[PDB]
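Peer 1: Let me give you the structure first, and then I'll get to my questions.
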Amino acid sequence: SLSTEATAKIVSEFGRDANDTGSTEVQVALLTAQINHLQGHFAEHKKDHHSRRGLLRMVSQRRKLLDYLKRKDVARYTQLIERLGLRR
Amino acid sequence: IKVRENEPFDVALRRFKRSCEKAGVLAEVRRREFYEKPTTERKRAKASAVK
Amino acid sequence: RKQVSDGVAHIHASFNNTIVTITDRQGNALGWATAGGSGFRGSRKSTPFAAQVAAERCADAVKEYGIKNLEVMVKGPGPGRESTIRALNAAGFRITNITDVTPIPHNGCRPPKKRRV
Amino acid sequence: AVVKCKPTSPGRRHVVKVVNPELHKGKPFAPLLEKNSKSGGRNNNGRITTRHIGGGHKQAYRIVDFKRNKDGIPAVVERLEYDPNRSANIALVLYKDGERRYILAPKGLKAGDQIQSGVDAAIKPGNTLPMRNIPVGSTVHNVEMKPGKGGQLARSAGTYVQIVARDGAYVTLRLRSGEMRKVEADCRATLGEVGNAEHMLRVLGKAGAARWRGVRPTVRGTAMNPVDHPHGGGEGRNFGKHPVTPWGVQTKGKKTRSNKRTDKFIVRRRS
Amino acid sequence: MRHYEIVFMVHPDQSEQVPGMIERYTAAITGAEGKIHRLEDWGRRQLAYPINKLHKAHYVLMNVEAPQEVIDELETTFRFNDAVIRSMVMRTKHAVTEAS
Amino acid sequence: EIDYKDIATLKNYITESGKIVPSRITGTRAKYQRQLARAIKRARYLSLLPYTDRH
RNA sequence: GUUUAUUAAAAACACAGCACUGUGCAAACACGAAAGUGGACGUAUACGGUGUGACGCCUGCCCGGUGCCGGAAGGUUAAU
RNA sequence: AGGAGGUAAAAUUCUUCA
RNA sequence: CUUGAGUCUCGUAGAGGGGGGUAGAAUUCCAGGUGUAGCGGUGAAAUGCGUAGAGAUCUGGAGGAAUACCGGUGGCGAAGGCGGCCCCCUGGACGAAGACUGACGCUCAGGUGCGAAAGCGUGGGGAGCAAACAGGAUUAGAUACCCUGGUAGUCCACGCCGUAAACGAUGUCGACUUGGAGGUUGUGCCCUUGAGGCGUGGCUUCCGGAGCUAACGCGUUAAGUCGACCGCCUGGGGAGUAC
């Protein structure tokens with residue numbers, strides 16, 4: 001579930017510094033990472049429903065996180081969607 | 001199961017079966033398959049194992 | 001014909017009939033005898049005595065080979081499971097080994113159902 | 001791969017294509033081709049011995065080797081081709097010597113495999129070797145009845161044989177028909193199954209879909225007249241006769257097997 | 001890169017080739033910067049039941065810290081090699097030593 | 001008990017027929033029971049502990 | 001689509017499909033006193049005969065007579 | 001005393017309102 | 001802003017799910033050797049099977065499916081549901097401290113997805129079991145219970161069906177409320193000096209309080225005491241039917 005190497009790596013790219021993984025940008029970032037990783041996981045098998053709700057839960061999670069960030073600071077929202085690459 | 005008697009006797013003395021196989025696990029897988037029904041049986045007997 | 005001394009007593013007692021067959025140390029069967037073959041039809045052979053006389057029946061047909069001693073491999077529960085080996089010993093056979101070979105599958109095939117009585 | 005065409009027109013909605021992507025597209029191997037004309041169900045006397053034979057699309061023969069004498073000489077499957085003459089697919093294999101030959105492409109065959117024949121060939125699909133060296137139970141196709149002749153058993157698509165006996169210098173094979181015929185182990189064979197198996201999943205779709213194949217319309221004995229067929233002509237869908245051939249031969253159970261020569265090579269008839 | 005028990009048994013007839021197996025095996029592992037903390041060869045030991053005919057086989061314990069890659073393509077070599085009879089890789093939980 | 005290779009410790013937790021002895025007799029612990037059983041299952045496969053005495 | 005060329009073009013025939021049955025290769029069958037050939041330079045997902053007639057829902061009850069597929073104590077029984 | 005195994009073959013129906 | 005709700009580091013347990021292999025036993029089929037009139041079955045028999053040699057017995061091989069013992073009011077998941085062993089991939093949950101984000105929360109019509117068994121479509125496979133069906137018994141009648149056979153099905157790939165006593169017949173989440181006996185999973189402390197001793201969390205099982213209820217019972221996991229939101233009921237039959 002996302003190596004600790006990538007996790008700590010992402011945290012040091014969105015948040016002001018380390019240990020700041022709580023930041024909204026960090027979460028939505030580490031979440032999308034898996035959504036893209038598992039994205040290929042489901043590309044195969046395609047019969048894994050139990051683990052499917054999990055991926056959906058992850059997206060539905062960041063989704064609500066986006067509305068929140070977009071609610072507070074709008075700038076931080078755009079600078080996130082264009083960077084992370086999503087929303088279309 | 002198996003028995004290798006000594007010499008001074010001919011009597012069976014093979015009462016080992018009445019403590020393992022014989023019918024302790026044979027009679028069980030003999031009739032109906034039960035499946036989920038056993039749970040109620042064991043639960044009923046386990047409820048009488050208290051007093 | 002022939003003249004062996006060591007053989008095997010493959011008995012198969014069930015809830016209906018008990019078959020006893022005395023073979024050699026190679027497993028080729030020298031002579032057999034059923035509880036039903038010696039009469040006793042229905043519940044008549046579904047008894048321990050039916051197997052008792054049955055063993056004596058197989059005995060009085062295999063002794064022609066001079067069978068002194070022989071092993072005994074029991075198979076199948078039901079009556080005539082103990083009384084069977086109790087006959088060969090009294091018949092004059094030197095009992096040596098007694099192992100059980102009752103087919104016990106590790107849960108594979110599906111058993112019948114129809115038995116509502 | 002099976003495909004079910006859509007009802008774009010009558011006689012096309014009941015069609016079920018059976019294409020294969022891993023199948024070569026183009027002209028076959030010329031060096032292994034010949035004339036192979038079409039008779040028409042007639043013999044040298046020009047008499048139609050076998051009825052229902054005519055028309056059909058022009059076909060060509062494919063030099064296929066069923067003997068597989070190239071022992072101790074590995075070979076690589078270049079590709080898979082379509083053999084109209086048969087119902088199975090042929091495989092143009094290339095040995096290490098530079099010689100190419102056609103063989104009944106087994107089920108688990110692909111382009112780039114290493115097959116070989118001989119009493120040393122590894123037990124795998126695509127290899128040929130005497131049944132005397134092939135383990136019992138091993139599913140084998142294209143079995144021979146005589147050492148040196150050639151595979152004659154299980155040559156169609158999806159068909160296969162299974163060795164299930166030895167004893168002496170012979171072995172009992174479980175024919176796909178359900179019959180167990182005895183054949184001397186001295187006869188070679190090819191492990192694995194034959195070609196495709198979707199050949200029986202076909203349904204044509206229309207009448208014309210059977211004409212260009214080599215089959216002609218079928219006439220009933222009840223429709224014909226008594227002077228032509230024993231079933232008489234009748235005067236409004238009538239019969240009253242016994243199901244027989246247009247030559248006076250009982251059918252629907254009436255067995256017509258007379259050999260007594262190979263009956264010994266038989267263990268248990270089909271069922 | 002995790003640990004793997006690995007405990008196969010070679011046919012008693014191919015016991016002279018066994019000492020060679022460990023060579024290529026350990027080599028293929030070390031080739032990918034693999035590891036190795038234990039390697040035992042109990043030798044021709046008694047069997048519990050007549051497996052694939054013949055009695056008594058040649059056991060060869062193992063313990064390597066190879067990645068979940070070179071290890072996956074290891075069984076393919078065992079299955080292809082009719083010499084070896086059984087084969088089994090178990091858990092990981094760090095590494096061990098001696099014992100047995 | 002804490003391993004399967006230690007057959008010298010799992011040989012006294014199984015009956016003569018090979019059947020795993022329950023915690024009712026061995027008086028073994030909880031978490032240690034399944035682990036003990038899990039170890040036997042592994043040994044049996046490796047031809048370390050006969051499944052039955054018929055052999 | 002086919003058919004009574006030249007009074008009948010139709011509900012007839014054919015038809016893909018489905019089913020039963022025969023067939024293990026020197027196949028069954030067919031043309032032939034025979035040889036031989038066709039079937040097929042194919043091999044049961046093949047081939048021949050029969051029946052019905054896309055498809056959809058289904059295809060029941062009955063084995064005496066007449067046939068077919070087997071077994072068989074006794075009885076009758078040709079040539080020799 | 002605790003545990004395990006074994007141990008039964010079929011036999012319909014009875015108006016309505018109090 | 002941090003106590004709700006999450007993230008992060010490390011670690012732990014599990015028939016959770018999916019995919020690919022594997023081993024043993026038994027049954028069936030098949031082959032060889034030996035052997036011979038019985039075998040098989042039932043309450044009693046019979047149909048069936050057998051002189052082309054069964055059953056029984058010995059050896060070997062193939063195939064399908066399910067994993068005895070372990071195994072237990074034991075474990076996991078939202079529910080349905082889920083049991084050999086091993087590898088690969090993967091969801092969620094939980095605990096020891098500290099740090100970080102800072103209500104980013106709960107629920108939720110529509111809609112969407114998943115969803116035992118049975119059934120259906122396109123194929124494969126098919127040991128056993130087994131609707132329909134066939135042939136024997138029972139019976140006043142037996143289109144059933146019983147026995148001998150046996151197709152679909154059960155299995156597998158893909159695409160549908162989305163139906164159940166799909167229940168704990170109790171929707172989900174949060175807070176509060178006397179306890180006792182067990183199961184199961186972490187963790188702190190102590191001559192680890194007893195296989196333990198002394199505490200603290202998550203989850204689960206039975207009993208039992210107040211209380212609640214028509215009663216049965218439930219009873220810190222409530223049907224108790226409150227709060228938020230969604231669904232649903234208004235006599236039975238008609239009917240979970242008609243349009």
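To be explicit about the labels: the chains of the structure tokens are called A, B, and onward in the order shown, and within each one the residues are counted from 1, while ligands get numbers from 1 in the order they are shown.
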Just want the 7 Å neighbourhood of segment 50-66 of chain E, counted on only C-alpha atoms (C1' of nucleotides), with same-chain residues fewer than 4 positions away dropped. Output as a VMD selection string.
Peer 2: chain E and resid 1 to 12 15 29 34 to 46 70 to 71
Peer 1: Can I get the selected residues back with N, CA, C and O atoms, as a compact mmCIF listing (two decimals), in the first residue's frame?
Peer 2:
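Dumped to out17.txt:
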# COMPACT_ATOMS: atom_id res chain seq x y z
N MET E 1 12.37 -6.89 -1.60
CA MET E 1 13.34 -7.95 -1.23
C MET E 1 13.03 -8.52 0.15
O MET E 1 13.30 -7.88 1.17
N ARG E 2 12.47 -9.72 0.18
CA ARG E 2 12.12 -10.37 1.44
C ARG E 2 12.77 -11.74 1.57
O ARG E 2 13.42 -12.23 0.64
N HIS E 3 12.60 -12.36 2.73
CA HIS E 3 13.18 -13.67 3.01
C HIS E 3 12.29 -14.81 2.53
O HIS E 3 11.07 -14.65 2.40
N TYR E 4 12.90 -15.96 2.27
CA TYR E 4 12.18 -17.14 1.81
C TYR E 4 12.84 -18.40 2.36
O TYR E 4 14.05 -18.59 2.22
N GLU E 5 12.04 -19.26 2.98
CA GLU E 5 12.55 -20.51 3.55
C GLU E 5 13.24 -21.36 2.49
O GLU E 5 14.46 -21.51 2.51
N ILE E 6 12.45 -21.90 1.57
CA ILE E 6 12.97 -22.74 0.50
C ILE E 6 13.60 -24.02 1.05
O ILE E 6 14.69 -24.00 1.61
N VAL E 7 12.89 -25.13 0.88
CA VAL E 7 13.37 -26.43 1.35
C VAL E 7 12.94 -27.54 0.40
O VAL E 7 11.90 -28.17 0.59
N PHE E 8 13.74 -27.77 -0.63
CA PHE E 8 13.45 -28.80 -1.62
C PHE E 8 14.22 -30.09 -1.35
O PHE E 8 15.14 -30.11 -0.54
N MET E 9 13.84 -31.15 -2.05
CA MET E 9 14.49 -32.45 -1.89
C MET E 9 14.82 -33.05 -3.25
O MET E 9 13.93 -33.27 -4.08
N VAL E 10 16.11 -33.30 -3.48
CA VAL E 10 16.56 -33.87 -4.75
C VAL E 10 16.49 -35.39 -4.73
O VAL E 10 16.62 -36.02 -3.68
N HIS E 11 16.27 -35.98 -5.90
CA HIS E 11 16.18 -37.43 -6.04
C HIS E 11 17.50 -38.06 -5.59
O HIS E 11 18.58 -37.55 -5.91
N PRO E 12 17.44 -39.17 -4.84
CA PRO E 12 18.63 -39.86 -4.36
C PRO E 12 19.65 -40.23 -5.43
O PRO E 12 20.83 -40.40 -5.14
N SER E 15 22.22 -37.06 -6.51
CA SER E 15 22.80 -36.47 -5.31
C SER E 15 24.14 -35.81 -5.60
O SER E 15 24.57 -34.90 -4.89
N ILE E 29 21.14 -15.65 -7.39
CA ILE E 29 20.66 -14.74 -6.35
C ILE E 29 21.64 -13.59 -6.14
O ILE E 29 21.26 -12.42 -6.22
N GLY E 34 21.48 -10.17 -4.35
CA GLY E 34 20.70 -10.89 -3.36
C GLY E 34 21.47 -11.10 -2.07
O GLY E 34 22.51 -10.48 -1.86
N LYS E 35 20.96 -11.98 -1.22
CA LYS E 35 21.62 -12.26 0.06
C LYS E 35 21.61 -13.76 0.36
O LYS E 35 21.24 -14.58 -0.48
N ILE E 36 22.02 -14.10 1.58
CA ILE E 36 22.08 -15.49 2.03
C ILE E 36 22.60 -15.53 3.46
O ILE E 36 23.72 -15.11 3.73
N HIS E 37 21.78 -16.03 4.38
CA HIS E 37 22.17 -16.11 5.78
C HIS E 37 22.32 -17.53 6.30
O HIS E 37 22.96 -17.76 7.33
N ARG E 38 21.75 -18.50 5.58
CA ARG E 38 21.85 -19.89 6.00
C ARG E 38 21.69 -20.87 4.84
O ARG E 38 20.91 -20.63 3.91
N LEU E 39 22.43 -21.97 4.90
CA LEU E 39 22.39 -23.00 3.87
C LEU E 39 22.80 -24.33 4.49
O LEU E 39 23.97 -24.53 4.83
N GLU E 40 21.84 -25.23 4.65
CA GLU E 40 22.11 -26.54 5.23
C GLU E 40 21.80 -27.67 4.26
O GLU E 40 20.94 -27.55 3.39
N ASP E 41 22.51 -28.78 4.43
CA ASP E 41 22.33 -29.95 3.58
C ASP E 41 22.29 -31.21 4.44
O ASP E 41 23.30 -31.90 4.59
N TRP E 42 21.12 -31.51 4.99
CA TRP E 42 20.94 -32.68 5.84
C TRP E 42 21.36 -33.95 5.11
O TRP E 42 21.67 -34.96 5.74
N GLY E 43 21.36 -33.90 3.78
CA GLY E 43 21.73 -35.05 3.00
C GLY E 43 20.61 -36.06 2.88
O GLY E 43 19.47 -35.78 3.27
N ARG E 44 20.92 -37.24 2.35
CA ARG E 44 19.93 -38.30 2.18
C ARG E 44 19.28 -38.64 3.51
O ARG E 44 19.87 -39.33 4.34
N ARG E 45 18.06 -38.15 3.72
CA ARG E 45 17.33 -38.40 4.95
C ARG E 45 16.12 -39.30 4.69
O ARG E 45 15.63 -39.39 3.57
N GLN E 46 15.64 -39.95 5.75
CA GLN E 46 14.49 -40.84 5.64
C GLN E 46 13.21 -40.08 5.33
O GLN E 46 13.05 -38.92 5.72
N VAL E 70 13.29 -12.73 -8.59
CA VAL E 70 14.17 -13.86 -8.88
C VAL E 70 13.71 -15.11 -8.14
O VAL E 70 14.08 -16.22 -8.51
N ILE E 71 12.90 -14.92 -7.10
CA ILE E 71 12.40 -16.04 -6.32
C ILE E 71 11.19 -16.67 -7.00
O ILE E 71 10.99 -17.88 -6.92
Peer 1: Define the interface residues of chain D facing chain G as those within 8 Å, counting only C-alpha atoms (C1' of nucleotides), and report them as number ranges by chain.
Peer 2: D: 11, 14, 41-45, 47-50, 85-87, 152-159, 176-177, 181, 197-201, 203-207, 209, 217-220, 242-245, 251-257
Peer 1: Please extract the residues of segment 179-238 of chain D with a backbone DSSP assignment of helix (DSSP H, G or I) and present them as a ChimeraX atom specification.
Peer 2: /D:198-201,208-211
Peer 1: Each residue of chain B lying at most 12 Å from chain H should get a row with its shortest atom-to-atom pair and the distance in Å to one decimal, counting only C-alpha atoms (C1' of nucleotides); could you produce that, ordered by chain and increasing number, as a tab-separated table?
Peer 2:
residue	atom	partner	partner_atom	distance
B:15	CA	H:4	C1'	11.8
B:16	CA	H:4	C1'	11.5
B:17	CA	H:4	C1'	10.0
B:18	CA	H:4	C1'	6.8
B:19	CA	H:4	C1'	6.6
B:20	CA	H:4	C1'	8.5
B:21	CA	H:4	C1'	9.9
B:22	CA	H:5	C1'	8.3
B:23	CA	H:5	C1'	6.3
B:24	CA	H:4	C1'	6.6
B:25	CA	H:4	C1'	10.2
B:26	CA	H:5	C1'	10.4
B:27	CA	H:5	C1'	8.9
B:28	CA	H:5	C1'	11.1
B:49	CA	H:2	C1'	11.0
Peer 1: Give me, as a PyMOL selection string, all polymer residues having an atom no more than 9 Å from segment 26-43 of chain A, counting only C-alpha atoms (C1' of nucleotides) and skipping those fewer than 2 positions away in the same chain.
Peer 2: (chain A and resi 1-2+6-7+10-15+20-24+45-48+52+55-56+58-59+61-63+65-66+80+84) or (chain I and resi 6-7+89-90+101)
Peer 1: Which residues of chain C are close to chain I, meaning at most 9 Å apart when you count only C-alpha atoms (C1' of nucleotides), and how do they look as a VMD selection string?
Peer 2: chain C and resid 10 to 12 16 19 to 23 26 to 32 37 42 to 43 103 to 117
Peer 1: Would you give me, as a PyMOL selection string, the residues in segment 10-91 of chain D that DSSP reads as strand (DSSP E or B)?
Peer 2: chain D and resi 16-18+33-34+42+48+53+61-62+64+71+75-82+89-91
Peer 1: I need the residue nearest chain H from this list: C:67, C:77, C:51, C:24. Use only C-alpha atoms (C1' of nucleotides) for the distance.
Peer 2: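 Checking each candidate against chain H, we get C:77 as the closest.
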Peer 1: Can you tell me, as a list in words, what residues are no more than 12 Å from residue 46 of chain B when counting only C-alpha atoms (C1' of nucleotides), ignoring any on the same chain fewer than 5 positions away?
Peer 2: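 Near neighbours after the sequence-gap exclusion: residues 38, 39, 40, 41 and 51 of chain B; 72, 73 and 206 of chain I.
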Peer 1: Define the interface residues of chain F facing chain B as those within 9 Å, counting only C-alpha atoms, and report them as a list in words.
Peer 2: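 Close enough to count are residues 16, 17, 53 and 54 of chain F.
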Peer 1: Using only C-alpha atoms (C1' of nucleotides), which residues of chain E come within 10 Å of chain I, and what is the closest atom pair for each, with the distance in Å to one decimal? Give it as a tab-separated table, sorted by chain and residue number.
Peer 2:
residue	atom	partner	partner_atom	distance
E:68	CA	I:88	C1'	8.2
E:69	CA	I:88	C1'	9.5
E:71	CA	I:87	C1'	9.3
E:72	CA	I:87	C1'	7.3
E:75	CA	I:87	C1'	9.3
E:86	CA	I:23	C1'	9.6
E:87	CA	I:86	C1'	9.4
E:88	CA	I:86	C1'	6.6
E:89	CA	I:86	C1'	6.8
E:90	CA	I:86	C1'	7.2
E:91	CA	I:86	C1'	9.4
Peer 1: Next, the residues of the selection above should be written as a PDB file, in the first residue's frame with C-alpha atoms.
Peer 2:
ATOM      1  CA  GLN E  68       9.963 -11.182  -4.942  1.00  0.00           C
ATOM      2  CA  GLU E  69      11.212 -11.486  -8.524  1.00  0.00           C
ATOM      3  CA  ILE E  71      12.399 -16.039  -6.318  1.00  0.00           C
ATOM      4  CA  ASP E  72       9.206 -16.319  -8.366  1.00  0.00           C
ATOM      5  CA  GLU E  75      10.139 -22.617  -8.808  1.00  0.00           C
ATOM      6  CA  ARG E  86       9.273 -31.403  -3.836  1.00  0.00           C
ATOM      7  CA  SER E  87       9.746 -27.683  -3.190  1.00  0.00           C
ATOM      8  CA  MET E  88       8.437 -25.051  -0.778  1.00  0.00           C
ATOM      9  CA  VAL E  89       9.099 -21.413   0.114  1.00  0.00           C
ATOM     10  CA  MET E  90       7.752 -20.124   3.431  1.00  0.00           C
ATOM     11  CA  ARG E  91       6.984 -16.776   5.077  1.00  0.00           C
TER      12      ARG E  91
END
Peer 1: Can you list every residue of chain I that has an atom at most 10 Å from chain A, with its nearest atom pair and the distance in Å to one decimal, using only C-alpha atoms (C1' of nucleotides), ordered by chain then number, as a tab-separated table?
Peer 2:
residue	atom	partner	partner_atom	distance
I:6	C1'	A:22	CA	8.1
I:7	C1'	A:22	CA	5.0
I:8	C1'	A:21	CA	6.2
I:9	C1'	A:4	CA	8.8
I:16	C1'	A:50	CA	8.2
I:17	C1'	A:50	CA	5.4
I:18	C1'	A:48	CA	5.1
I:19	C1'	A:45	CA	6.9
I:77	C1'	A:50	CA	9.4
I:89	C1'	A:41	CA	7.8
I:90	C1'	A:51	CA	6.7
I:91	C1'	A:51	CA	4.5
I:92	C1'	A:54	CA	7.8
I:99	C1'	A:19	CA	6.6
I:100	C1'	A:20	CA	4.8
I:101	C1'	A:22	CA	3.7
I:102	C1'	A:22	CA	9.0
I:104	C1'	A:68	CA	5.5
I:113	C1'	A:53	CA	8.9
I:114	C1'	A:49	CA	7.1
Peer 1: Take the residues just selected and output them with C-alpha atoms (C1' of nucleotides) as a PDB file, in the first residue's frame.
Peer 2:
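Listed below is the output, again-v7.pdb:
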ATOM      1  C1'   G I   6      -7.968  11.641   8.950  1.00  0.00           C
ATOM      2  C1'   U I   7      -2.553  11.374   7.575  1.00  0.00           C
ATOM      3  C1'   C I   8       2.449   9.773   8.956  1.00  0.00           C
ATOM      4  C1'   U I   9       6.596   6.100  11.331  1.00  0.00           C
ATOM      5  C1'   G I  16     -11.312 -10.954   3.907  1.00  0.00           C
ATOM      6  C1'   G I  17     -10.991 -10.734  -1.726  1.00  0.00           C
ATOM      7  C1'   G I  18      -8.734 -11.982  -6.653  1.00  0.00           C
ATOM      8  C1'   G I  19      -5.206 -14.889  -9.749  1.00  0.00           C
ATOM      9  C1'   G I  77     -16.017  -8.600   6.520  1.00  0.00           C
ATOM     10  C1'   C I  89      -1.214  -8.847  -5.897  1.00  0.00           C
ATOM     11  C1'   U I  90      -4.412  -6.326  -2.652  1.00  0.00           C
ATOM     12  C1'   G I  91      -8.628  -3.917   0.954  1.00  0.00           C
ATOM     13  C1'   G I  92      -9.736  -2.755   5.654  1.00  0.00           C
ATOM     14  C1'   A I  99       3.928  14.910  15.504  1.00  0.00           C
ATOM     15  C1'   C I 100       0.923  17.153  11.658  1.00  0.00           C
ATOM     16  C1'   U I 101      -3.649  18.929   8.857  1.00  0.00           C
ATOM     17  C1'   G I 102      -7.514  21.628  11.587  1.00  0.00           C
ATOM     18  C1'   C I 104     -11.790  18.647   5.804  1.00  0.00           C
ATOM     19  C1'   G I 113     -22.201  -0.696  -7.813  1.00  0.00           C
ATOM     20  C1'   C I 114     -21.851  -5.245  -5.413  1.00  0.00           C
TER      21        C I 114
END
Peer 1: May I ask for the distance between atom CA of residue 188 of chain D and atom CA of residue 129 of chain D, given in Å to one decimal place?
Peer 2: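 Those two atoms sit 4.7 Å apart.
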Peer 1: Can you tell me how far atom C1' of residue 200 of chain I sits from atom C1' of residue 180 of chain I, in Å to one decimal?
Peer 2: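 A separation of 19.9 Å between them.
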